[PDB]
Structure formats: structure tokens, C-alpha cells
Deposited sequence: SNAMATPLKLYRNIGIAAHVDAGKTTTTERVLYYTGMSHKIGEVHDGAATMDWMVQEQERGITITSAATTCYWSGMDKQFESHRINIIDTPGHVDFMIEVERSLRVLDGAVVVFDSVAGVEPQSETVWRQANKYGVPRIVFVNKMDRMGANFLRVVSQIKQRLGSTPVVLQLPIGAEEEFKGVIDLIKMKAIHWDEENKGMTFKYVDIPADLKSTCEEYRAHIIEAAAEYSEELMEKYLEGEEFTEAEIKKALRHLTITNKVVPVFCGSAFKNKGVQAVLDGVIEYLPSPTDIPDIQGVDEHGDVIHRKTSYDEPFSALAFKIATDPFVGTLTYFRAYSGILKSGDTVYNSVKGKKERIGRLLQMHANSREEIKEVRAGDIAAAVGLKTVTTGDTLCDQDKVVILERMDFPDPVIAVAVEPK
């Protein structure tokens, strides 16, 4: 039983030339080696095994922006987003459309500027587009070591260490080395911007910042986490998914800066008589879930993917489809992994799973406790 705080429900929002496919495949690979489905579960304990094992649910966010109801729905199903931009093209209209919806729903996010090895790659230009065009406050947490043909890795500005990923094992191991002499002053300039952003978190840190006292790494990360979750800043990372130089550090960022289910506000809906109500992120609350994808499997038949917001659902329970006005009995429950499919007997608040063989459910339907009815969408 994984506690709620170790969950990370995320979406990888990437369009056009950003490299969504390769980024997603690298995520599943690194997580799989450490120890397309509508939602895939994986585990991550950090690039250097420095964290507890977190359970990451990757929700497939539509690569298209043609079906906007689906984009909005995917943003309520995930809790945090990893937005990927192409280092050459930068911010383009399709990612801009999604970013405005993320803002409308208050979705915290981190950014990964991919393709740092491509001709024309310009990291800081993308960063200025985020600030100027998207109207967010990026906080740069890494600088690339070179660009184009000369791209060798990235620098972690909080730790002030260059990261060298081993070529031979496709980036499964790495080493922290000294920042190259020629980049040291620029790294210090950018690190100061991180302290400045973190200082806004509390009066204690503001005092330390104004007086010139040193921040500890834990203080910095605590502040950046809160600021990210409350949509005040957007941490920015960079690298290359294909070259196996970057996604590993982005995964650490998912853990360190993106929300667990308890970090975001309680979901809002209406009862059957139009009264506004909420469902708390708790096992003690009545069950509620939103169905977000209906897929046909050749082996077991239909798979109904849903996000549970509250309560606990067990195989054999009778629930209510509050949109159709019909009771549904839950049979088998599954969770998809990169290369396997795991049978489970219950799904708790904050998790995502697929129900086998349901009859009444279509996308957007709410499944809930028969006695305490809620409609989460329309």
C-alpha cells in the first residue's frame, strides 16, 4: 500500500517537434530499469536512489488540440504536468493553447526543453518565450553544457554540479563533476535567480535573502515546491531524450516539485439537484471517480479508465453512474505498467485504474457512491 504522498499523477504535454514519443518512452525505460495505454503506472526513487519509491501514473494527454473537451478532461485527471518544448522552434501555438487551459484549471507544471543537441537549439530563448508569451514565471534550475553538436550534459544549479551521464548504459548511471571553469560565473548568476524566487515563500527566507545568508538545499526545494504547486513559478529543465541526457533529472523534478493528490484542491461537482459540492482526497469520503477513456482490449474486452478522487472502490462493489442514472457492478480491476498488466482488487482515492467489462460508462461519466451522489463533469 503506497501512501498518498508518494503518488504523482502526471501528463506529458508536448506537441509538434517537442519529442513526446521519445520522452515518454525514455520515462518508461529509466523507471523500468531502476528496479499506448490511456494510463501507465511506473516507479521512481530518484536518479541517484535518493528518494523513497514514488508511484508515477502517466496519463496520455492528447497530442492533438482538435478535441478540446478531451484536453480539459485530461487536465482534471492528472494533477501536475511536464511540458516539453523543442529547443529550436520553442513555444508554438499548439502548446500555447494547452498552457492557457492548464492556467484555467490551476495545473502546476515543470518544463523540459528537449532537443538540446539539434542545430539552432537555444535554451534561454525558450525560457524568455515562457515568461513573455505564456505569461508565467519560469525559474531555471539547470543550464545546458553546450548546445547543438557540442551538447554534453546539464548543470544542476541548486547543487552546482555538472551531470555526466554514462554513454555506455544509456544514461542509467551518472556522475556529479565540477562545473566547467568557463560556465561557473553564468551558473552563479542563474543560481541567484533561484534564491530570489525562493525568498518569496516566507518571511524567514526573505530575511535570509535580504541579509545575504546562505539557503540550504532543503529550504530552496521546499519553497520551490510550494511555489510550483501554487502556480507562482514553473521550474525549467533541459536536455535530450534521444541522447539519454536529461529525462532522468526531469523525473527527479516530478518527485521534488509536482503535486501528490493531497497537494491540490478538492475536486468540485454538483449533486443530483444542482447543489455545489466537493469530494475530499480521503479514504473516508464517499467514492467518486471520473472515467476518461474507453478502450477495447482483444483479450478481456472493454477497459474503462478512471481517476478516483475519493474513497475506496473494490471489485464486487455496486456503484452509480451519475450521468446515465444506472447502477454498475465492478468486476475485475487492472493497472497497466510499461510491459505488463497487473490485476488489483481495489482502487483508492488518488489512483488511476481500468475497470474490465463495464456496460454503461462512456468518457466524462462519473462513477460514485450510490447513496452520496456526485456529478463531476457537466
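Taken in order along the deposited sequence, the stretches absent from the coordinates are 1-4, 40-64, 408-422.
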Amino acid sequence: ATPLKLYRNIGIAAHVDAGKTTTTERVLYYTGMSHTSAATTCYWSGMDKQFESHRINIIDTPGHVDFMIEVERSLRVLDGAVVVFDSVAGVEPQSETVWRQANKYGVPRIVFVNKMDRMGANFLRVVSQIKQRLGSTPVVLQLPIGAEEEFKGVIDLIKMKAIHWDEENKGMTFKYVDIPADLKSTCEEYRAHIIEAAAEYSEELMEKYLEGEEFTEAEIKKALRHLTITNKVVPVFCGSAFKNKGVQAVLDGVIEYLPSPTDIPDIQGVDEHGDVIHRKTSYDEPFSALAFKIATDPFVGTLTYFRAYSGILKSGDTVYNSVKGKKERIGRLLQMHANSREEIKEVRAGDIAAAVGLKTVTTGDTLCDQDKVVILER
From here on, numbers count along this sequence of modelled residues.
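Mean CA B-factor, 245-253 versus 203-211: the higher value falls on 203-211. When the mean C-alpha temperature factors of 106-114 and 293-301 are read from the deposited coordinates, 293-301 comes out higher. Comparing the C-alpha B-factors of 73, 221, 279, 133 in the entry, the top value falls on 133. For the set 326, 26, 348, 55, the maximum C-alpha B-factor listed in the entry falls on 326. When the modelled residues of the chain are ordered by C-alpha B-factor, residue 373 sits in the middle third. When the CA B factors of the chain's modelled residues are split into thirds, the value for residue 310 lands in the lowest one.
The deposited CA B-factor of residue 144 belongs to the middle third of values across its chain.
Sort the chain's modelled residues by C-alpha temperature factor and residue 170 lands in the highest third, per the entry.
Per the deposited record, the Cα B-factor of residue 367 falls in the lowest third when ranked against the other modelled residues of its chain.
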